[PDB]
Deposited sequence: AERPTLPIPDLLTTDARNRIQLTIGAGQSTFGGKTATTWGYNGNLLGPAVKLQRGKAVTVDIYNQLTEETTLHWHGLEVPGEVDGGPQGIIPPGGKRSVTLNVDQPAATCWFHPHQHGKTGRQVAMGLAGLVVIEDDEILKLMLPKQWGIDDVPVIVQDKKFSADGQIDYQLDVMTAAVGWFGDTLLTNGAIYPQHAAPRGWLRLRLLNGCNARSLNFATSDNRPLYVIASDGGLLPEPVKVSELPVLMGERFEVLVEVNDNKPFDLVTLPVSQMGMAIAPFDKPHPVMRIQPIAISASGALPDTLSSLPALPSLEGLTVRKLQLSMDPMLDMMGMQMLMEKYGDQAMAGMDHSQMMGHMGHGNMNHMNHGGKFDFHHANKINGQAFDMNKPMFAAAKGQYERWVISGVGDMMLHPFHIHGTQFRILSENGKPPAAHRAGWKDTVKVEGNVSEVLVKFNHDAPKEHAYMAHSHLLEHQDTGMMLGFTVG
């Protein structure tokens, strides 16, 4: 059979009441011919791409048609805590919440997803995620590929696993609280190995790793390069040519890739050195999508310069905040041994060469920051507004992957896990790798967040977030 075409999320803009309507609901999807209950925004699975313009405000009306509580967070968008949609931003089942977003940051591909307390991993796994396309005046002058669904395409890559009856098989248990929820089936905008027909010339891909726990590493099947033009928070100063592009959970990059007549090629993900993630079929390069060239000229450009990146300031005299991540040693070893028992030595491929004892030992609060599992009632500190800070995040003490995300900002990485950041990671980021080492980022918060609607900072390995590896903080 031919491959299905890559599904393209609808690009949604406001009505004359300046409103965008998002309905959160359950429906059905099909994967490998078997139906599964799934959740979506304005549909059965995934969600639309909300289009925003710098300097314009939009109101979003969010209708929760699930039978459980949820929240809606705009990952990458810098907004006041009251509309950030962290775990305090509850939307009752059958209820509606509206937020007004006053967009105040450069053009970027951001995304949105649930942030329900202790249940974010399940709600993402069931299907909820959407996109945000921010434009500003600067980016349109560059004449990048811009025809949505033709030469400018979002690529949301996610794994799932399913039970024998076809349903999504999600469990937050000791093994996944240790290693994360991951599966054996790769989805690309919800579809298994789709094709996308693209015109000859440049193709812009807005890549999102939407997996709960799996890191990815994109490349092409015939080793043509990817030209990185943007990271989480917007354009780089100039394109950065790469042969492979590691992407952590929740990160975005936009790349341009050449499309040549008569030569289809795949976007692939290459095996990663992360526990559990190189079990078949991920022990080998895995196709994500086939690009099918069409013999019609594509109009977009890859300009020499994209934007101005300001200089890092002096670090002297900046507040230094220490964030020590930790996992419970006994429960990390138990979960890792369950993984090994299940899959054997392949569960560590690529890596460097039973009774109830009560609430004290419960894995639901095993993961922590500064010795505390997330306490929604007690923000850990009060950050400065409009002031740079140096946040130092340590994963010393364990070797698991912690893509560390901070709400309310786009930051600059000073050190990523003990090395200066790669050039394509040296611009605006909202995620930094922490794995067995220490990262340092330079952050500034331009908006307030009170205790009742605090900003979060957490690992975006969702099963770790949901079992305590998150803190709240206020601004202003």
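Practice problem: Pop the missing stretches of the deposited sequence into a list, counting residues from 1 and keeping sequence order. | Solution: Residues lacking C-alpha coordinates: just 354 to 366.
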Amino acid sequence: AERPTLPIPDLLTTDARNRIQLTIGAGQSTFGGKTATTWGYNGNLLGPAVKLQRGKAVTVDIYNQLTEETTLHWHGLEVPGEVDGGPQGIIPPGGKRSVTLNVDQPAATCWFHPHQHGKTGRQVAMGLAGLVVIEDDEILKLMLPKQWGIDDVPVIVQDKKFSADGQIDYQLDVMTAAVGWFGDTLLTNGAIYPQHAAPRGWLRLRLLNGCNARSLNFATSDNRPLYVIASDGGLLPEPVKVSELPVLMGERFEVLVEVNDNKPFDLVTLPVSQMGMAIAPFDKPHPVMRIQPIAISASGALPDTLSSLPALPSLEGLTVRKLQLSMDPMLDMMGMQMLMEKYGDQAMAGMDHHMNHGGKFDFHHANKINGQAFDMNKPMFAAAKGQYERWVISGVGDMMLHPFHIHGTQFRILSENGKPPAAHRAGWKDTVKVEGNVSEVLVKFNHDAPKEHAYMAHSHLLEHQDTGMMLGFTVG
From here on, numbers count along this sequence of modelled residues.
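Practice problem: Taking the mean of the C-alpha B-factors per stretch from the entry, tell me the winner out of 5 to 13 and 453 to 461. | Solution: Stretch with the higher mean C-alpha B-factor: 5 to 13.
Quiz item: Given the B-factors recorded for C-alpha atoms, which segment has the greater mean, 417 to 425 or 35 to 43?
Solution: Comparing 35 to 43 with 417 to 425, the higher average CA B-factor belongs to 417 to 425.
Quiz item: So among 232, 151, 238, 261, who wins on Cα B-factor in the entry?
Solution: So the option with the highest C-alpha B-factor is 261.
Practice problem: Check the PDB entry and point out which of 448, 69, 61, 430 has the largest C-alpha temperature factor. | Solution: Answer, based on the entry's C-alpha B-factors: 448.
Exercise. Can you work out whether the C-alpha temperature factor of residue 254 puts it in the lowest, middle or highest third of the chain?
Key: For residue 254, whose C-alpha B-factor we compare with every modelled residue in the chain, the answer is the lowest third.
Quiz item: For residue 343, does the deposited CA B-factor place it in the lowest, middle or highest third of the chain?
Solution: It belongs to the middle third of the chain when residues are ordered by C-alpha B-factor.
Exercise. Looking at the entry's B-factor column for C-alpha atoms only, identify whether residue 48 ranks in the lowest, middle or highest third of its chain.
Key: CA B-factor rank for residue 48: lowest third.
Quiz prompt | Lowest, middle or highest third - CA B-factor, residue 364 | solution = Residue 364: CA B-factor falls in the middle third of its chain.
Practice problem: Going by the recorded CA B-factors, say which third of the chain residue 204 sits in, lowest, middle or highest. | Solution: Its C-alpha B-factor belongs to the lowest third of this chain's values.
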